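Order of appearance sets the numbers: ligands from 1, and atoms from 1 within every ligand. In what follows, every heavy atom counts, from backbone to side chain, and hydrogens, waters and symmetry copies are set aside. The residues of the chain are indexed from 1 along the displayed sequence.
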Amino acid sequence: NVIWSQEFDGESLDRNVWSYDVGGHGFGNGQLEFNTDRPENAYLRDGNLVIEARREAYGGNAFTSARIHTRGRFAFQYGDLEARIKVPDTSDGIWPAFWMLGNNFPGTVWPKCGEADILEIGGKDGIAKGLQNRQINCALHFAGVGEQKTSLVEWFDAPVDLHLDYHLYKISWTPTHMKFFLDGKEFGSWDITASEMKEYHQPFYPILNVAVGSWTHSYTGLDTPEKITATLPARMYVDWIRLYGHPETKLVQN
Ligand SMILES: [Ca+2]
Ligand SMILES: [Ca+2]
């Protein structure tokens with residue numbers, strides 16, 4: 001029961017749904033890319049959203065990409081949100097993500113707003129073990145007991161090379177759980193009923209981005225332009241994002 005979707009069929013990204021996060025300040029992870037609002041980094045073509053990371057001097061950084069979200073235009077609480085994505089070869093450097101934030105961000109500060117990562121790929125462990133094209137994770141980031149940052153992470157070694165084709169990346173979100181799926185199969189699950197997880201019973205909005213690098217202590221382990229070996233340009237193809245409604249779903253389209 002699709003009740004909301006972006007099919008990415010047009011010639012340009014719909015600014016009446018999408019907003020750009022612009023900057024090269026590192027986004028609290030020591031990221032190297034400058035996320036721009038230009039057509040070179042986010043464009044539509046052949047029924048796809050393309051987010052393109054490039055090795056390119058821009059704004060004082062050595063890479064450009066894009067980070068887009070629907071805050072203010074689309075949010076929901078409970079439902080199945082799924083995206084058909086072909087990720088780029090991450091081959092040491094590239095850090096794509098499909099994730100969500102609570103709809104009270106940024107007024108409510110992170111992570112009290114709550115966060116759910118549906119797909120992340122390109123981690124340091126994946127690099128260390130030669131599983132760059134296979135190892136993924138989902139995650140919950142929130143204010144736990146005593147209102148302090150808590151992180152729950154579930155890793156999964158995918159069976160096939162994910163950058164070779166489109167796959168379906170989904171969250172199933174109910175009043176009791178958040179579950180995460182690859183091609184219909186569950187690889188993560190958490191109960192969200194506990195007193196410290198009330199942040200996960202409000203509307204959330206989706207985010208899509210392709211980051212380049214991080215601090216060494218952060219996701220990729222690769223903190224300088226010279227340590228980025230990945231094939232650039234790197235393109236993430238999104239065929240669509242669809243919300244399958246539940247009885248309890250609330251839609252926010254203001
Ligand atoms: Ca499409
Ligand atoms: Ca909490």
Side-chain angles (χ1 to χ4, degrees), residues 1-18 28 39 41-52 66 68-70 73-75 77-78 80-88 96 98-119 138-154 162-171 173-178 183-184 189-210 235-244:
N1 183 30
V2 177
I3 62 180
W4 181 92
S5 74
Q6 283 289 113
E7 296 298 321
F8 301 117
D9 64 290
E11 307 187 309
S12 75
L13 186 73
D14 190 2
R15 295 173 55 93
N16 276 131
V17 181
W18 295 95
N41 295 120
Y43 55 96
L44 275 50
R45 199 158 79 174
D46 304 312
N48 289 118
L49 162 74
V50 189
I51 293 184
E52 184 176 303
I68 62 176
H69 63 87
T70 66
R73 307 304 291 192
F74 165 69
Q77 171 180 341
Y78 306 132
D80 295 13
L81 190 71
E82 185 173 61
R84 189 174 185 258
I85 303 169
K86 188 193 199 173
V87 296
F98 173 38
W99 57 294
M100 311 197 300
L101 285 171
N103 189 43
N104 55 1
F105 186 87
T108 301
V109 296
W110 184 92
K112 290 160 187 180
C113 59
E115 168 181 340
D117 305 285
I118 304 164
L119 166 69
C138 56
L140 303 181
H141 299 87
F142 58 105
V145 164
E147 307 303 306
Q148 295 301 305
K149 183 187 97 66
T150 300
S151 305
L152 299 162
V153 180
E154 189 71 50
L162 292 172
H163 76 294
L164 297 179
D165 206 0
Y166 292 89
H167 293 86
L168 300 176
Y169 302 94
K170 186 177 56 175
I171 181 179
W173 175 17
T174 62
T176 62
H177 287 88
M178 281 193 164
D183 303 308
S189 174
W190 289 285
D191 190 301
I192 65 168
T193 60
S195 64
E196 66 275 8
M197 304 184 76
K198 286 194 183 75
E199 307 90 298
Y200 289 114
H201 303 85
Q202 47 151 339
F204 270 65
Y205 65 79
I207 307 147
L208 290 162
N209 75 267
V210 181
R235 300 184 187 82
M236 181 166 74
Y237 302 94
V238 188
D239 187 13
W240 46 259
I241 321 159
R242 292 172 185 166
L243 168 65
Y244 319 114

Can you list the residues that meet the ring pair (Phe, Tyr, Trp, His ring centres under 6.0 Å) rule with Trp99, with sequence neighbours excluded? none

Distances under 3.0 Å only: what protein N/O/S atoms are near the Ca ion (ligand 1), ordered by chain and residue? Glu7 O, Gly47 O, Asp239 O, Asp239 OD1

Is there a side chain to side chain contact (heavy atoms under 4.5 Å, CB included) between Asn209 and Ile51? Walk through the geometry before answering. CA-CA 7 Å; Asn209 75 267; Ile51 293 184; 5.6 Å; no

Would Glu82 and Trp240 count as a side chain to side chain contact (heavy atoms under 4.5 Å, CB included) if you check the C-alpha gap in whole Å, the side-chain angles of each, and the deciding distance to 0.1 Å? CA-CA 8 Å; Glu82 185 173 61; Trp240 46 259; 3.9 Å; yes

Not counting sequence neighbours, which residues clear ring pair (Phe, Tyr, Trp, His ring centres under 6.0 Å) with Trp190? List them please. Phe180

May I ask you to say whether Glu52 pairs ionically with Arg235, meaning some side-chain N is under 4.0 Å from a carboxylate O? yes

Below 4.5 Å, heavy atoms only, C-beta onward: do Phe204 and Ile171 meet side chain to side chain? no

Are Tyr166 and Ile85 close enough that some pair of their side-chain heavy atoms sits under 4.5 Å apart? no

Only protein N/O/S atoms count here: give how many lie under 3.0 Å from the Ca ion (ligand 2). 4

Taking the side chain as C-beta and beyond, is there a heavy-atom pair between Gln148 and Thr150 under 4.5 Å? no

Would a distance-only check, ignoring hydrogens and angles, find a side-chain to backbone donor-acceptor pair under 3.5 Å from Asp183 to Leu168? yes

